[PDB]
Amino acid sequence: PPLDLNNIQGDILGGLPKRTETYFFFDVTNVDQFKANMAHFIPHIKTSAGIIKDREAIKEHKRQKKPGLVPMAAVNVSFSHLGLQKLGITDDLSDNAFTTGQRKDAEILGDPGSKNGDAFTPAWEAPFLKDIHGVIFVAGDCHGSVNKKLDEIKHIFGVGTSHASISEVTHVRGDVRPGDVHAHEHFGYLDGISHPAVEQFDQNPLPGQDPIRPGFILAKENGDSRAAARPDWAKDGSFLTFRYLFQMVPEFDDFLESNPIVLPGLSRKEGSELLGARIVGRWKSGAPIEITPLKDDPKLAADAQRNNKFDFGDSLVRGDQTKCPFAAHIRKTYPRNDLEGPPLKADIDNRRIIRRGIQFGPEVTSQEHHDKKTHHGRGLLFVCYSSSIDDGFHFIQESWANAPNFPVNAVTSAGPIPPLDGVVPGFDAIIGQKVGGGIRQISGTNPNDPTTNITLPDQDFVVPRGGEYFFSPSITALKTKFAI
């Protein structure tokens, strides 16, 4: 049955358009006042229908050569398990990660941290060690528009007054990068290229974009394997994973410079560039190394019709890492034919996620470049959606990125594959974490000598400093369960 796009929060299907975004993390201090205030908040929430209407209007204005308006910033809302509990909404949503919460789950994710008995505390900024009940987030074109809309929302809940119904835990801000690199993450790689197409939503999937059933993103829609276990109010909500991911840019650049791929005919500079590309799975431009393994192709990169049409063929069963290491980030996070082809012919639609990241922080300074060391915080406000954190984000992190034997272990489960004997892909070098913070390695980066590993520097390139798992309910869920 068609999706009710008026009922779905707009960041899930569509995505809030932005140059800047604020995430406001709160605790509920007076439940019944919160629910009364929620009634006034709900009409401000951007829906998926709204996303489409707004984007068509901006396009039409541009075609008509009308000057642009100040767009109102857009707002969405999401609640943690702790917040559901505080509100007396006690239905089990059938996601172990969400229910556990990210502060405890971060031990298994591999985050740095310490233990006192069985109690793990991740090495996070202080506010993310507190119980967080929800997030209100506001996206827009400039700081003024976001701040105006956020102040209006805060006013609804009486924030900072003696009649508040919530309190600020903390807030974080994202900002796209300057100029032509605005959609490049801070390591320099174009981000946001590959997402699953969603049946009943994406009417014209791109070449190479296999569409998946909407229930892999939205609870209780077609394809949600847990639909019968979940409460009716959960229909058309999605699980929002937030990760506050600091990046160590100069350190990564130093790594690459210190480990150029030695290949006949390449200079040190070109070998270092190729290494970066091979660790990610794309050149900085976005061109996929599977299509262009020897050198960048900026024209390919810029063409959405071509830049994602690859599946890794049968390179895994052949043991062939010449075009792309097995442990490249994109391959660790969306395996394509590594799992979907023979021997497994696996259905990994439940491993798909929709990402809505935005960068944070200033550009690398001259002193940082000279020093080859980070002096300022910068990174990614990682956000992804799916109908199961257990199947998606958590699984990806623990079972794929953190698993040095993946994807060899998965395919040799089915039968012996002699070209894979002894092959140990290693960690995803962007996000892979080793519990206890020990030695990580990555193999397959030199196309001529796949067996050689690089042992990564002990400072991980990405450092998590906070996070939580939330559920973004539908508009009718908010009206009926969250409001009076």
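So that there is no doubt, residue numbering starts at 1 and follows the sequence shown.
**Q** On average, are the C-alpha B-factors higher in 448-456 or in 428-436?
**A** The stretch with the larger mean CA B-factor is 448-456.
**Q** Of 291-299 and 378-386, which one has the bigger average CA B-factor?
**A** Result of the comparison: 291-299.
**Q** Report the option among 83, 144, 325, 188 whose CA atom has the maximum B-factor in the deposited record.
**A** If I rank 83, 144, 325, 188 by C-alpha B-factor, first place goes to 144.
**Q** Check the PDB entry and point out which of 204, 285, 170, 315 has the largest C-alpha temperature factor.
**A** Out of 204, 285, 170, 315, the record gives the largest C-alpha B-factor to 204.
**Q** Ranking every modelled residue in this chain by its Cα temperature factor as given in the entry, which third contains residue 95?
**A** Its C-alpha B-factor, which the entry lists for residue 95, ranks in the middle third among residues of this chain.
**Q** For the chain shown, is the CA B-factor of residue 472 in the lowest, middle or highest third of its modelled residues?
**A** Ranked within chain, residue 472 CA B lands in the lowest tercile.
**Q** If you rank every modelled residue in this chain by C-alpha B factor, which third holds residue 106: lowest, middle or highest?
**A** Residue 106: CA B-factor falls in the lowest third of its chain.
**Q** Based on the deposited C-alpha B factors for this chain, I'd like to know if residue 443 is in the lowest, middle or highest third.
**A** Answer is lowest: the recorded C-alpha B-factor places it there.
**Q** Against its chain's modelled residues, does residue 398's Cα B factor rank lowest, middle or highest third?
**A** It falls in the bottom third of the chain.
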